[PDB]
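What follows is start_34.pdb (PDB, C-alpha atoms and all ligand atoms).
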ATOM      1  CA  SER A   1      16.921  10.684  -0.947  1.00  0.00           C
ATOM      2  CA  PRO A   2      19.912  11.019   1.382  1.00  0.00           C
ATOM      3  CA  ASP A   3      21.962   8.057   2.589  1.00  0.00           C
ATOM      4  CA  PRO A   4      21.227   7.439   5.363  1.00  0.00           C
ATOM      5  CA  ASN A   5      17.555   8.252   5.073  1.00  0.00           C
ATOM      6  CA  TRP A   6      15.868  11.039   7.086  1.00  0.00           C
ATOM      7  CA  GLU A   7      14.665   9.966  10.578  1.00  0.00           C
ATOM      8  CA  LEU A   8      11.874  12.519  10.512  1.00  0.00           C
ATOM      9  CA  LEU A   9      10.370  13.991   7.373  1.00  0.00           C
ATOM     10  CA  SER A  10       7.280  15.990   6.375  1.00  0.00           C
ATOM     11  CA  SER A  11       4.520  13.792   4.890  1.00  0.00           C
ATOM     12  CA  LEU A  12       3.195  14.111   1.332  1.00  0.00           C
ATOM     13  CA  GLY A  13      -0.126  13.033   2.673  1.00  0.00           C
ATOM     14  CA  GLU A  14      -1.606  12.568   6.089  1.00  0.00           C
ATOM     15  CA  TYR A  15      -5.064  11.143   6.749  1.00  0.00           C
ATOM     16  CA  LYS A  16      -6.778  10.380  10.070  1.00  0.00           C
ATOM     17  CA  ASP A  17      -9.651   8.600  11.758  1.00  0.00           C
ATOM     18  CA  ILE A  18     -11.117   6.902   8.704  1.00  0.00           C
ATOM     19  CA  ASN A  19     -14.303   5.068   9.666  1.00  0.00           C
ATOM     20  CA  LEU A  20     -14.690   1.932   7.580  1.00  0.00           C
ATOM     21  CA  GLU A  21     -17.185   0.015   9.786  1.00  0.00           C
ATOM     22  CA  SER A  22     -19.673  -0.185   6.931  1.00  0.00           C
ATOM     23  CA  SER A  23     -16.823  -1.002   4.392  1.00  0.00           C
ATOM     24  CA  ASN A  24     -17.230   2.289   2.492  1.00  0.00           C
ATOM     25  CA  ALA A  25     -13.799   3.388   1.417  1.00  0.00           C
ATOM     26  CA  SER A  26     -12.441   6.915   1.685  1.00  0.00           C
ATOM     27  CA  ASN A  27     -11.719   8.557  -1.708  1.00  0.00           C
ATOM     28  CA  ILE A  28      -8.369  10.421  -1.670  1.00  0.00           C
ATOM     29  CA  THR A  29      -8.120  10.822  -5.469  1.00  0.00           C
ATOM     30  CA  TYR A  30      -7.749  14.626  -4.931  1.00  0.00           C
ATOM     31  CA  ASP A  31      -4.169  13.757  -3.802  1.00  0.00           C
ATOM     32  CA  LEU A  32      -3.357  11.453  -6.759  1.00  0.00           C
ATOM     33  CA  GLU A  33      -0.862  13.889  -8.445  1.00  0.00           C
ATOM     34  CA  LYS A  34       1.337  13.579  -5.346  1.00  0.00           C
ATOM     35  CA  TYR A  35       1.727   9.800  -5.732  1.00  0.00           C
ATOM     36  CA  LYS A  36       1.292   8.724  -9.359  1.00  0.00           C
ATOM     37  CA  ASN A  37       4.963   9.370 -10.414  1.00  0.00           C
ATOM     38  CA  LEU A  38       6.609   8.012  -7.241  1.00  0.00           C
ATOM     39  CA  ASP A  39       9.458   5.529  -7.752  1.00  0.00           C
ATOM     40  CA  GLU A  40      10.024   5.226  -4.018  1.00  0.00           C
ATOM     41  CA  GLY A  41       8.637   6.318  -0.696  1.00  0.00           C
ATOM     42  CA  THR A  42       7.108   5.215   2.580  1.00  0.00           C
ATOM     43  CA  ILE A  43       3.563   4.348   3.683  1.00  0.00           C
ATOM     44  CA  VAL A  44       2.677   4.040   7.373  1.00  0.00           C
ATOM     45  CA  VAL A  45      -0.785   2.820   8.468  1.00  0.00           C
ATOM     46  CA  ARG A  46      -2.515   2.284  11.812  1.00  0.00           C
ATOM     47  CA  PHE A  47      -5.492  -0.017  11.427  1.00  0.00           C
ATOM     48  CA  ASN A  48      -7.959  -2.322  13.059  1.00  0.00           C
ATOM     49  CA  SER A  49      -9.829  -4.760  10.897  1.00  0.00           C
ATOM     50  CA  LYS A  50     -13.026  -6.664  11.767  1.00  0.00           C
ATOM     51  CA  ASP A  51     -12.598  -9.166   8.858  1.00  0.00           C
ATOM     52  CA  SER A  52     -10.336 -11.962   7.593  1.00  0.00           C
ATOM     53  CA  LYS A  53     -10.416 -11.392   3.814  1.00  0.00           C
ATOM     54  CA  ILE A  54      -7.804  -9.572   1.743  1.00  0.00           C
ATOM     55  CA  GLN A  55      -8.495  -5.927   2.479  1.00  0.00           C
ATOM     56  CA  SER A  56      -6.805  -2.861   0.967  1.00  0.00           C
ATOM     57  CA  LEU A  57      -5.377  -0.280   3.393  1.00  0.00           C
ATOM     58  CA  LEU A  58      -4.370   1.752   0.342  1.00  0.00           C
ATOM     59  CA  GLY A  59      -5.413   1.171  -3.238  1.00  0.00           C
ATOM     60  CA  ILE A  60      -3.983   3.308  -6.063  1.00  0.00           C
ATOM     61  CA  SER A  61      -5.184   2.282  -9.457  1.00  0.00           C
ATOM     62  CA  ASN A  62      -6.253   2.693 -13.017  1.00  0.00           C
ATOM     63  CA  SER A  63      -9.989   2.051 -12.579  1.00  0.00           C
ATOM     64  CA  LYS A  64     -10.379   1.594 -16.387  1.00  0.00           C
ATOM     65  CA  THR A  65      -8.388  -1.641 -16.035  1.00  0.00           C
ATOM     66  CA  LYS A  66      -8.950  -4.828 -14.065  1.00  0.00           C
ATOM     67  CA  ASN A  67      -5.309  -5.287 -13.075  1.00  0.00           C
ATOM     68  CA  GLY A  68      -3.564  -1.883 -13.164  1.00  0.00           C
ATOM     69  CA  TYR A  69      -3.114  -1.191  -9.425  1.00  0.00           C
ATOM     70  CA  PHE A  70      -1.096  -0.947  -6.249  1.00  0.00           C
ATOM     71  CA  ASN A  71      -2.710  -2.738  -3.308  1.00  0.00           C
ATOM     72  CA  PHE A  72      -1.246  -2.425   0.180  1.00  0.00           C
ATOM     73  CA  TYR A  73      -3.326  -5.066   1.969  1.00  0.00           C
ATOM     74  CA  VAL A  74      -3.972  -7.053   5.126  1.00  0.00           C
ATOM     75  CA  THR A  75      -5.774 -10.161   6.224  1.00  0.00           C
ATOM     76  CA  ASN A  76      -6.287 -11.476   9.772  1.00  0.00           C
ATOM     77  CA  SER A  77      -2.858 -13.194   9.527  1.00  0.00           C
ATOM     78  CA  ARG A  78      -0.887 -11.531   6.724  1.00  0.00           C
ATOM     79  CA  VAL A  79       0.321  -8.187   5.434  1.00  0.00           C
ATOM     80  CA  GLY A  80       1.658  -7.367   2.001  1.00  0.00           C
ATOM     81  CA  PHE A  81       1.330  -5.533  -1.241  1.00  0.00           C
ATOM     82  CA  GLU A  82       0.779  -6.175  -4.919  1.00  0.00           C
ATOM     83  CA  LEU A  83       1.920  -4.140  -7.811  1.00  0.00           C
ATOM     84  CA  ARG A  84       0.390  -4.841 -11.183  1.00  0.00           C
ATOM     85  CA  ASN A  85       0.180  -2.952 -14.474  1.00  0.00           C
ATOM     86  CA  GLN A  86      -2.322  -3.384 -17.323  1.00  0.00           C
ATOM     87  CA  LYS A  87      -2.030  -1.937 -20.862  1.00  0.00           C
ATOM     88  CA  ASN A  88      -5.576  -2.825 -22.029  1.00  0.00           C
ATOM     89  CA  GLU A  89      -8.821  -1.437 -20.656  1.00  0.00           C
ATOM     90  CA  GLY A  90     -12.166  -3.065 -20.046  1.00  0.00           C
ATOM     91  CA  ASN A  91     -13.280  -6.646 -19.475  1.00  0.00           C
ATOM     92  CA  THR A  92     -10.038  -8.489 -20.291  1.00  0.00           C
ATOM     93  CA  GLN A  93      -6.876  -9.978 -18.814  1.00  0.00           C
ATOM     94  CA  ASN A  94      -4.880  -8.766 -21.851  1.00  0.00           C
ATOM     95  CA  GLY A  95      -1.724  -6.665 -21.362  1.00  0.00           C
ATOM     96  CA  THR A  96      -1.476  -7.594 -17.626  1.00  0.00           C
ATOM     97  CA  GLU A  97       2.023  -7.419 -16.063  1.00  0.00           C
ATOM     98  CA  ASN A  98       2.224  -8.949 -12.578  1.00  0.00           C
ATOM     99  CA  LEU A  99       5.165  -6.989 -11.216  1.00  0.00           C
ATOM    100  CA  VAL A 100       5.508  -7.642  -7.485  1.00  0.00           C
ATOM    101  CA  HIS A 101       3.609  -9.571  -4.823  1.00  0.00           C
ATOM    102  CA  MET A 102       5.424  -9.281  -1.511  1.00  0.00           C
ATOM    103  CA  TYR A 103       3.843 -10.603   1.662  1.00  0.00           C
ATOM    104  CA  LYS A 104       4.476 -12.012   5.116  1.00  0.00           C
ATOM    105  CA  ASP A 105       2.426 -14.269   7.406  1.00  0.00           C
ATOM    106  CA  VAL A 106       2.270 -12.604  10.785  1.00  0.00           C
ATOM    107  CA  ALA A 107       0.568 -12.455  14.187  1.00  0.00           C
ATOM    108  CA  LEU A 108      -1.739  -9.455  14.405  1.00  0.00           C
ATOM    109  CA  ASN A 109      -3.068  -7.748  17.514  1.00  0.00           C
ATOM    110  CA  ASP A 110      -6.834  -8.112  18.038  1.00  0.00           C
ATOM    111  CA  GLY A 111      -6.981  -4.318  18.386  1.00  0.00           C
ATOM    112  CA  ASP A 112      -4.907  -1.672  16.628  1.00  0.00           C
ATOM    113  CA  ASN A 113      -1.919  -2.651  14.428  1.00  0.00           C
ATOM    114  CA  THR A 114       0.674  -0.453  12.793  1.00  0.00           C
ATOM    115  CA  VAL A 115       2.263  -1.417   9.468  1.00  0.00           C
ATOM    116  CA  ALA A 116       4.776   0.231   7.145  1.00  0.00           C
ATOM    117  CA  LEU A 117       6.054  -0.265   3.603  1.00  0.00           C
ATOM    118  CA  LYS A 118       9.405   1.255   2.761  1.00  0.00           C
ATOM    119  CA  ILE A 119      10.537   1.472  -0.871  1.00  0.00           C
ATOM    120  CA  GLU A 120      14.115   2.457  -1.721  1.00  0.00           C
ATOM    121  CA  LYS A 121      14.622   3.025  -5.393  1.00  0.00           C
ATOM    122  CA  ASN A 122      16.705   0.217  -6.930  1.00  0.00           C
ATOM    123  CA  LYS A 123      17.718  -1.070  -3.433  1.00  0.00           C
ATOM    124  CA  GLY A 124      14.522  -2.883  -2.301  1.00  0.00           C
ATOM    125  CA  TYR A 125      11.469  -3.118  -0.098  1.00  0.00           C
ATOM    126  CA  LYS A 126      10.875  -3.492   3.619  1.00  0.00           C
ATOM    127  CA  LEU A 127       7.784  -4.315   5.604  1.00  0.00           C
ATOM    128  CA  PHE A 128       7.391  -3.269   9.259  1.00  0.00           C
ATOM    129  CA  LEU A 129       4.740  -4.345  11.701  1.00  0.00           C
ATOM    130  CA  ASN A 130       4.277  -3.439  15.385  1.00  0.00           C
ATOM    131  CA  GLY A 131       7.880  -2.543  16.027  1.00  0.00           C
ATOM    132  CA  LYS A 132       9.602  -5.183  13.895  1.00  0.00           C
ATOM    133  CA  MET A 133      11.147  -5.184  10.446  1.00  0.00           C
ATOM    134  CA  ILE A 134       9.259  -8.321   9.252  1.00  0.00           C
ATOM    135  CA  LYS A 135      10.617  -8.741   5.739  1.00  0.00           C
ATOM    136  CA  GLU A 136      13.263  -7.262   3.486  1.00  0.00           C
ATOM    137  CA  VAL A 137      13.630  -7.824  -0.218  1.00  0.00           C
ATOM    138  CA  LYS A 138      16.656  -6.596  -2.131  1.00  0.00           C
ATOM    139  CA  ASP A 139      15.952  -5.596  -5.691  1.00  0.00           C
ATOM    140  CA  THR A 140      18.193  -3.589  -7.993  1.00  0.00           C
ATOM    141  CA  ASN A 141      15.368  -2.779 -10.395  1.00  0.00           C
ATOM    142  CA  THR A 142      12.464  -1.775  -8.169  1.00  0.00           C
ATOM    143  CA  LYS A 143       8.950  -1.110  -9.391  1.00  0.00           C
ATOM    144  CA  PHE A 144       6.382   1.252  -7.844  1.00  0.00           C
ATOM    145  CA  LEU A 145       3.522   3.629  -8.775  1.00  0.00           C
ATOM    146  CA  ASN A 146       5.358   5.227 -11.698  1.00  0.00           C
ATOM    147  CA  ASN A 147       5.292   1.748 -13.391  1.00  0.00           C
ATOM    148  CA  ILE A 148       1.473   1.657 -13.522  1.00  0.00           C
ATOM    149  CA  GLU A 149      -0.015   3.286 -16.630  1.00  0.00           C
ATOM    150  CA  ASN A 150      -2.784   5.940 -16.406  1.00  0.00           C
ATOM    151  CA  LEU A 151      -3.537   5.928 -12.695  1.00  0.00           C
ATOM    152  CA  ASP A 152      -6.834   7.692 -11.934  1.00  0.00           C
ATOM    153  CA  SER A 153      -7.864   6.612  -8.397  1.00  0.00           C
ATOM    154  CA  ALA A 154      -6.596   6.560  -4.873  1.00  0.00           C
ATOM    155  CA  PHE A 155      -8.596   5.133  -1.973  1.00  0.00           C
ATOM    156  CA  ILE A 156      -8.153   4.349   1.671  1.00  0.00           C
ATOM    157  CA  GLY A 157      -9.987   1.020   2.253  1.00  0.00           C
ATOM    158  CA  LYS A 158     -10.328  -0.364  -1.217  1.00  0.00           C
ATOM    159  CA  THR A 159      -8.767  -0.661  -4.685  1.00  0.00           C
ATOM    160  CA  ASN A 160     -10.866   0.900  -7.428  1.00  0.00           C
ATOM    161  CA  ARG A 161     -10.947  -1.567 -10.333  1.00  0.00           C
ATOM    162  CA  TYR A 162     -12.822  -2.196 -13.566  1.00  0.00           C
ATOM    163  CA  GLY A 163     -16.170  -3.998 -13.628  1.00  0.00           C
ATOM    164  CA  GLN A 164     -16.751  -6.938 -11.310  1.00  0.00           C
ATOM    165  CA  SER A 165     -13.191  -7.062  -9.892  1.00  0.00           C
ATOM    166  CA  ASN A 166     -12.555  -7.708  -6.201  1.00  0.00           C
ATOM    167  CA  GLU A 167     -11.985  -4.231  -4.673  1.00  0.00           C
ATOM    168  CA  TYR A 168     -10.727  -5.773  -1.415  1.00  0.00           C
ATOM    169  CA  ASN A 169     -12.986  -3.574   0.739  1.00  0.00           C
ATOM    170  CA  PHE A 170     -11.576  -3.013   4.201  1.00  0.00           C
ATOM    171  CA  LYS A 171     -13.829  -3.372   7.219  1.00  0.00           C
ATOM    172  CA  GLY A 172     -12.950  -1.643  10.487  1.00  0.00           C
ATOM    173  CA  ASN A 173     -11.131   1.598  11.234  1.00  0.00           C
ATOM    174  CA  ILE A 174      -7.946   3.230  10.038  1.00  0.00           C
ATOM    175  CA  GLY A 175      -6.590   5.443  12.765  1.00  0.00           C
ATOM    176  CA  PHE A 176      -4.043   7.053  10.426  1.00  0.00           C
ATOM    177  CA  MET A 177      -2.250   6.885   7.129  1.00  0.00           C
ATOM    178  CA  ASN A 178       0.956   8.788   6.361  1.00  0.00           C
ATOM    179  CA  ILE A 179       2.549   8.724   2.878  1.00  0.00           C
ATOM    180  CA  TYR A 180       6.105  10.037   2.229  1.00  0.00           C
ATOM    181  CA  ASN A 181       7.998  10.698  -0.993  1.00  0.00           C
ATOM    182  CA  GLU A 182      11.163   9.202   0.473  1.00  0.00           C
ATOM    183  CA  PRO A 183      12.217   6.071   2.277  1.00  0.00           C
ATOM    184  CA  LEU A 184      12.301   6.838   5.997  1.00  0.00           C
ATOM    185  CA  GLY A 185      14.845   5.573   8.475  1.00  0.00           C
ATOM    186  CA  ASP A 186      14.405   2.060   9.878  1.00  0.00           C
ATOM    187  CA  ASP A 187      14.694   3.386  13.439  1.00  0.00           C
ATOM    188  CA  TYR A 188      11.828   5.820  12.893  1.00  0.00           C
ATOM    189  CA  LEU A 189       9.692   3.017  11.359  1.00  0.00           C
ATOM    190  CA  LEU A 190      10.582   0.613  14.255  1.00  0.00           C
ATOM    191  CA  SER A 191       9.485   3.203  16.871  1.00  0.00           C
ATOM    192  CA  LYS A 192       6.467   4.453  15.013  1.00  0.00           C
ATOM    193  CA  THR A 193       5.086   0.969  14.236  1.00  0.00           C
ATOM    194  CA  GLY A 194       6.266  -0.038  17.741  1.00  0.00           C
ATOM    195  CA  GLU A 195       3.572   2.171  19.311  1.00  0.00           C
ATOM    196  CA  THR A 196       1.285  -0.854  18.878  1.00  0.00           C
ATOM    197  CA  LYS A 197       3.684  -3.781  19.881  1.00  0.00           C
TER     198      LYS A 197
HETATM  199  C1  LIG A 201      -3.626 -10.233  -2.983  1.00  0.00           C
HETATM  200  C2  LIG A 201      -4.169 -11.216  -3.979  1.00  0.00           C
HETATM  201  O1  LIG A 201      -3.976 -12.421  -3.784  1.00  0.00           O
HETATM  202  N1  LIG A 201      -4.726 -10.743  -5.096  1.00  0.00           N
HETATM  203  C3  LIG A 201      -5.171 -11.601  -6.148  1.00  0.00           C
HETATM  204  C4  LIG A 201      -6.702 -11.759  -6.024  1.00  0.00           C
HETATM  205  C5  LIG A 201      -7.256 -12.315  -4.731  1.00  0.00           C
HETATM  206  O2  LIG A 201      -6.529 -13.499  -4.385  1.00  0.00           O
HETATM  207  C6  LIG A 201      -8.748 -12.643  -4.802  1.00  0.00           C
HETATM  208  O3  LIG A 201      -9.456 -11.550  -5.435  1.00  0.00           O
HETATM  209  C7  LIG A 201      -9.261 -12.867  -3.375  1.00  0.00           C
HETATM  210  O4  LIG A 201     -10.645 -13.230  -3.498  1.00  0.00           O
HETATM  211  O5  LIG A 201      -7.248 -12.559  -7.082  1.00  0.00           O
HETATM  212  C8  LIG A 201      -6.982 -11.984  -8.392  1.00  0.00           C
HETATM  213  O6  LIG A 201      -7.396 -12.839  -9.371  1.00  0.00           O
HETATM  214  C9  LIG A 201      -8.831 -13.019  -9.558  1.00  0.00           C
HETATM  215  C10 LIG A 201      -9.172 -14.213 -10.404  1.00  0.00           C
HETATM  216  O7  LIG A 201      -8.761 -15.387  -9.697  1.00  0.00           O
HETATM  217  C11 LIG A 201      -8.913 -16.594 -10.475  1.00  0.00           C
HETATM  218  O8  LIG A 201      -8.440 -17.739  -9.756  1.00  0.00           O
HETATM  219  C12 LIG A 201     -10.413 -16.719 -10.824  1.00  0.00           C
HETATM  220  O9  LIG A 201     -10.615 -17.800 -11.720  1.00  0.00           O
HETATM  221  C13 LIG A 201     -10.947 -15.459 -11.515  1.00  0.00           C
HETATM  222  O10 LIG A 201     -12.386 -15.558 -11.717  1.00  0.00           O
HETATM  223  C14 LIG A 201     -10.682 -14.225 -10.676  1.00  0.00           C
HETATM  224  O11 LIG A 201     -11.414 -14.283  -9.414  1.00  0.00           O
HETATM  225  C15 LIG A 201      -7.722 -10.681  -8.645  1.00  0.00           C
HETATM  226  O12 LIG A 201      -7.393 -10.033  -9.661  1.00  0.00           O
HETATM  227  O13 LIG A 201      -8.639 -10.292  -7.860  1.00  0.00           O
HETATM  228  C16 LIG A 201      -5.460 -11.776  -8.587  1.00  0.00           C
HETATM  229  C17 LIG A 201      -4.875 -10.955  -7.489  1.00  0.00           C
HETATM  230  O14 LIG A 201      -3.466 -10.901  -7.701  1.00  0.00           O
END
Just dump the structure as structure tokens.
Amino acid sequence: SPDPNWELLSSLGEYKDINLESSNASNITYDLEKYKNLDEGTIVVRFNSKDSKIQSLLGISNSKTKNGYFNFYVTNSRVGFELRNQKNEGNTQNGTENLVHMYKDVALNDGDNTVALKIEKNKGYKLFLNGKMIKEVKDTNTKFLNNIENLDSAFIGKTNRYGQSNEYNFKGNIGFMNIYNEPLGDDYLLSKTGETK
């Protein structure tokens, strides 16, 4: 990754017009090899939710575990992500590491919102929403997808988990999702997310 970061970069993944009105997530597991070893990157999502519960925009997980997952989520009044690893499979809490839970209480538009998560390896994390950098966390030992063992699922609109776990099914539409292998420039993220001030 250069310093400063690129202001415009080709996406690793780009997904559009995902209809989640009946809360049936979009399986993007075919792209999993692109993401599973990432130690940094950027995720940009345009969304409109019809619900107030915790809902995954993007869920990347080890479906053989309860708690081995990355969950980029929203509510009606909050955005954030969790990062958790689990070393033991099946119906158990054993071997769970709760790595990061970063979130911010926010005002959302009633219509479309645009959010971004920026991860800079061993620098930190930033959240953007509707043209603002809403939260920055400095961290000299960052964790991301490469820290979750045996990933096997990637979904837009849910997190694929073992057994009876809460999959955080999203209800509404996702206009777009763009995933990058590098941290993008703040100015790019401010303008891009800013399209839905
Ligand atoms: C983003 C978030 O807060 N994730 C939590 C999650 C949610 O809060 C919950 O699923 C929303 O309904 O809860 C997690 O723990 C589940 C666990 O909670 C205990 O209090 C309860 O006794 C258990 O039966 C079980 O529901 C989850 O894994 O889903 C933790 C996660 O970090």
**OP:** Tell me which protein, DNA and RNA residues are within 9 Å of stretch 87-95 of chain A, counting only C-alpha atoms, leaving out same-chain ones fewer than 3 positions away, and put them as a ChimeraX atom specification.
**Re:** /A:63-68,148-149,162-164
**OP:** Extract, using only C-alpha atoms, all DNA, RNA and protein residues at most 7 Å from residue A:156, discarding same-chain residues fewer than 2 positions from it, and format them as number ranges by chain.
**Re:** A: 25-28, 57-59, 158
**OP:** Would you please work out which residue, of A:144, A:30, A:35, A:72, is nearest to residue A:157 when using only C-alpha atoms?
**Re:** A:72
Original post:
Counting all atoms listed in the file, what is within 10 Å of stretch 39-47 of chain A, bar same-chain residues fewer than 6 positions away, as a ChimeraX atom specification?
Top reply: /A:1,11-18,57-58,72,74,111-130,142-147,170-185,189,192-193,195-196
Could you make a table, as CSV, of the residues of chain A that have an atom within 10 Å of an atom of ligand LIG 201 (chain A), each with its nearest atom pair and distance in Å to one decimal, counting all atoms listed in the file, in chain and number order?
residue,atom,partner,partner_atom,distance
A:53,CA,A:LIG201,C7,7.4
A:54,CA,A:LIG201,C7,6.3
A:55,CA,A:LIG201,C1,8.5
A:56,CA,A:LIG201,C1,8.9
A:66,CA,A:LIG201,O12,7.0
A:67,CA,A:LIG201,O12,6.2
A:68,CA,A:LIG201,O12,9.7
A:69,CA,A:LIG201,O12,9.8
A:71,CA,A:LIG201,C1,7.6
A:72,CA,A:LIG201,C1,8.8
A:73,CA,A:LIG201,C1,7.2
A:74,CA,A:LIG201,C1,8.7
A:75,CA,A:LIG201,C1,9.5
A:79,CA,A:LIG201,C1,9.5
A:80,CA,A:LIG201,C1,7.8
A:81,CA,A:LIG201,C1,7.0
A:82,CA,A:LIG201,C1,6.3
A:83,CA,A:LIG201,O14,8.6
A:84,CA,A:LIG201,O14,8.0
A:93,CA,A:LIG201,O12,9.2
A:98,CA,A:LIG201,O14,7.7
A:100,CA,A:LIG201,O14,9.5
A:101,CA,A:LIG201,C1,7.5
A:102,CA,A:LIG201,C1,9.2
A:103,CA,A:LIG201,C1,8.8
A:161,CA,A:LIG201,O12,9.2
A:164,CA,A:LIG201,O11,9.3
A:165,CA,A:LIG201,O13,5.9
A:166,CA,A:LIG201,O13,5.0
A:167,CA,A:LIG201,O13,7.6
A:168,CA,A:LIG201,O3,7.2
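Atom pair atom CA of residue A:78 / atom CA of residue A:131 has a distance of 15.6 Å (rounded to one decimal).
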Return stretch 41-57 of chain A, completed with N, CA, C and O atoms, as a short mmCIF file (atom, residue, chain, number, x, y, z; two decimals), in the frame of the given file.
data_model
loop_
_atom_site.label_atom_id
_atom_site.label_comp_id
_atom_site.auth_asym_id
_atom_site.auth_seq_id
_atom_site.Cartn_x
_atom_site.Cartn_y
_atom_site.Cartn_z
N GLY A 41 9.34 5.64 -1.76
CA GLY A 41 8.64 6.32 -0.70
C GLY A 41 8.34 5.44 0.49
O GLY A 41 8.90 4.35 0.65
N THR A 42 7.49 5.94 1.35
CA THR A 42 7.11 5.22 2.58
C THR A 42 5.65 5.40 2.88
O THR A 42 5.11 6.50 2.73
N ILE A 43 4.99 4.31 3.28
CA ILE A 43 3.56 4.35 3.68
C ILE A 43 3.45 3.74 5.07
O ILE A 43 3.83 2.59 5.28
N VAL A 44 2.88 4.51 5.99
CA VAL A 44 2.68 4.04 7.37
C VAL A 44 1.19 4.04 7.68
O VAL A 44 0.52 5.06 7.47
N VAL A 45 0.66 2.93 8.19
CA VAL A 45 -0.78 2.82 8.47
C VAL A 45 -1.11 2.20 9.83
O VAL A 45 -0.61 1.11 10.14
N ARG A 46 -1.91 2.88 10.62
CA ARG A 46 -2.52 2.28 11.81
C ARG A 46 -3.91 1.85 11.51
O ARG A 46 -4.71 2.64 11.05
N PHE A 47 -4.22 0.59 11.82
CA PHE A 47 -5.49 -0.02 11.43
C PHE A 47 -6.02 -1.06 12.40
O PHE A 47 -5.29 -1.61 13.20
N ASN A 48 -7.29 -1.27 12.31
CA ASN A 48 -7.96 -2.32 13.06
C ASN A 48 -9.05 -2.87 12.21
O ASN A 48 -10.05 -2.23 11.99
N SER A 49 -8.86 -4.09 11.77
CA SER A 49 -9.83 -4.76 10.90
C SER A 49 -10.73 -5.68 11.70
O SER A 49 -10.28 -6.34 12.62
N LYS A 50 -11.96 -5.78 11.24
CA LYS A 50 -13.03 -6.66 11.77
C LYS A 50 -13.25 -7.91 10.86
O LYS A 50 -14.19 -8.67 11.07
N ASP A 51 -12.37 -8.14 9.90
CA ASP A 51 -12.60 -9.17 8.86
C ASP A 51 -11.32 -9.93 8.51
O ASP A 51 -10.19 -9.51 8.82
N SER A 52 -11.48 -11.08 7.90
CA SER A 52 -10.34 -11.96 7.59
C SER A 52 -9.91 -11.97 6.13
O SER A 52 -8.84 -12.49 5.79
N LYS A 53 -10.75 -11.47 5.25
CA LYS A 53 -10.42 -11.39 3.81
C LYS A 53 -9.27 -10.44 3.51
O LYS A 53 -8.87 -9.64 4.34
N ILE A 54 -8.77 -10.53 2.27
CA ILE A 54 -7.80 -9.57 1.74
C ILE A 54 -8.51 -8.25 1.68
O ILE A 54 -9.55 -8.09 1.03
N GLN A 55 -7.92 -7.28 2.36
CA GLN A 55 -8.49 -5.93 2.48
C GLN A 55 -7.44 -4.87 2.17
O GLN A 55 -6.38 -4.85 2.80
N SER A 56 -7.73 -3.98 1.23
CA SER A 56 -6.80 -2.86 0.97
C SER A 56 -6.79 -1.78 2.09
O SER A 56 -7.84 -1.20 2.44
N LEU A 57 -5.62 -1.51 2.63
CA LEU A 57 -5.38 -0.28 3.39
C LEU A 57 -5.38 0.91 2.42
O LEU A 57 -6.05 1.90 2.64
#
